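Numbering (our numbering), first residue to last: 149 to 275.
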């Protein structure tokens, strides 16, 4: 069909999730076959999504993929003052802790708005 929706949804429905789950797949990301909620948690995956829109912004030189919470959080923390910051995006530690802990819905609550922001930069007439 087509992108159609009657009335403005004040809250987020269960459908919204799916739409966000598909959007990711659509984008050509250098990643194998595996859940998106289990990967994103890592963090290094988020920096990739941006690369598509803004490759320059991303560096992918400091961040390192690991399998330990310690590193996980350590990585996110920076991405908050290295990436988010640029996107005038801010988030408390309490929220992050959950993200790194591969928490369902938590990290997603940031993915929805995350994309909305990126676009905000596209339109912006940056010189």
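Note that the Cβ used here is the ideal one computed from N, Cα and C, for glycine as well.
Should the segment 208-220 be called in touch with the segment 152-163, which here means at least 3 C-beta pairs below 8 angstroms?
Judged by pairs of C-beta atoms under 8 angstroms, the segment 208-220 does not touch the segment 152-163, as fewer than three such pairs exist.
Does the beta-carbon distance from residue 190 to residue 176 come in below 8 angstroms?
For the pair residue 190 and residue 176, the CB atoms are not nearer than the 8 angstroms cut-off.
Beta-carbon within less than 6 angstroms of residue 199's beta-carbon, same chain only, minus the 5 sequence neighbours each way: which residues are those?
Sequence-distant partners of residue 199 (beyond 5 residues in either direction) whose C-beta falls short of 6 angstroms from its own C-beta, in its chain, are 206.
Count Cβ pairs between the segment 250-257 and the segment 224-240 that sit closer than 8 angstroms; are there 3 or more?
Not touching, per the Cβ criterion.
Start and end residues, alpha helix (DSSP H) containing residue 186:
Per DSSP, residue 186 is one residue of the alpha helix (DSSP H) stretching across 184-188.
Cβ-based burial, residue 156 [other Cβ within 10 Å; buried from 16]:
Its Cβ having fewer than 16 others within 10 Å, residue 156 is exposed.
Alpha carbon to alpha carbon, what distance is there between residue 267 and residue 245?
The alpha-carbon atoms of residue 245 and residue 267 are separated by roughly 27 angstroms.
Whole angstroms are fine: how far does the CA of residue 265 sit from the CA of residue 251?
Answer to the nearest angstrom: the Cα atoms are 22 angstroms apart.
Could you check what DSSP says for residue 236 in three-state terms: helix, strand or coil?
Taken through DSSP and simplified to helix, strand or coil, residue 236 comes out as coil.
Sequence-distant residues of its chain with Cβ nearer than 7 angstroms to residue 203 (five each side left out)
Excluding residues within five positions, none has a Cβ falling inside 7 angstroms.
Bounding residues of the alpha helix (DSSP H) (the contiguous stretch that carries residue 209):
Annotation for residue 209: no alpha helix (DSSP H) segment contains it, and DSSP assigns it neither H nor E.
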